[PDB]
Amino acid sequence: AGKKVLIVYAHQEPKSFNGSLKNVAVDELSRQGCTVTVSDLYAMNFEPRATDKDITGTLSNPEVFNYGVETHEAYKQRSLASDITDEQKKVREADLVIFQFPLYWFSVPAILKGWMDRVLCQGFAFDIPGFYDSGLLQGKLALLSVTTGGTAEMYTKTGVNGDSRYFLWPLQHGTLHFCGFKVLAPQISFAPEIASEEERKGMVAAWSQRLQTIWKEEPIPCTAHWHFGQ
């Protein structure tokens, strides 16, 4: 129908390749009749740092500050900072969450890493127990849409950077799977800066076109073998 999508978007420049990919997601999902929300982290000046400012209530231990303990508890008490609960609400209502970002050091840009650290808290995204396939975000989909400086070939088994999937592990498995998401196959747009005009437009249309049938997709097996082989 009928689906609710959250795009968590991490690029500074709306005219970027990232902004284009974000905009065609919105266009295409919107045209399908889906409900769409965008967390534009840079435009929000989203706070990436995990600090005692994230808890507004009496601390469980005010002598020695433990971020994980205090946020678990603030979540249960509903004394978390409001910028964190606003995201949680977006995540809670979403059926699909797409992360749109350029790769920074084989990972997400810090502003997005901060959204992950501060938003996916214990009690909300997972618990002990209640992680991986019993993770709290079960029944939800997640998809990483990454753009790189390096080419497709750099990111091969035997290229300098190794296989692209190697860098996907901490994000797909250690974070998304861990919270219960089914993970859809990543969308990697390699080296747009080097690509020609045509190859770039093909890359944008390929994203557009994949989204046409996104609801029909099966998740990847989010395992050590998918990521590493052998």
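All residue numbers refer to positions in the sequence shown, first residue = 1. If you superpose the two forms and keep the largest set of C-alpha atoms that fall within 1.5 Å, you have the rigid core.
- Taking the rigid core as the alignment reference, the C-alpha atoms of 129-137 lie farther on average from the displayed form in 8 other deposited structures of this protein than those of the other stretch among 99-107 and 129-137.
- RMS Cα deviation from the shown model in 8 other deposited structures of this protein, rigid core fit, is larger for 53-61 than for the other stretch of the pair 171-179 / 53-61.
- The stretch 191-199 shows the higher mean C-alpha B-factor when 175-183 is compared against 191-199 in the entry.
- Once the C-alpha B-factors are averaged per stretch, 94-102 and 131-139 rank with 131-139 first.
- Taking only the listed residues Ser39, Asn61, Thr35, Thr51, the entry reports the highest CA temperature factor at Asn61.
- As recorded in the entry, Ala152 carries the highest CA temperature factor of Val146, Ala152, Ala125, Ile84.
- Sorting the modelled residues of the chain by their CA temperature factor places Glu47 in the lowest third.
- In the deposited entry, the Cα temperature factor of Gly68 places it in the middle third of its chain's modelled residues.
- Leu120 sits in the lowest third of its chain by CA B factor, as recorded in the PDB entry.
- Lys113 sits in the lowest third of its chain by CA B factor, as recorded in the PDB entry.
- Sorting the modelled residues of the chain by their CA temperature factor places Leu21 in the middle third.
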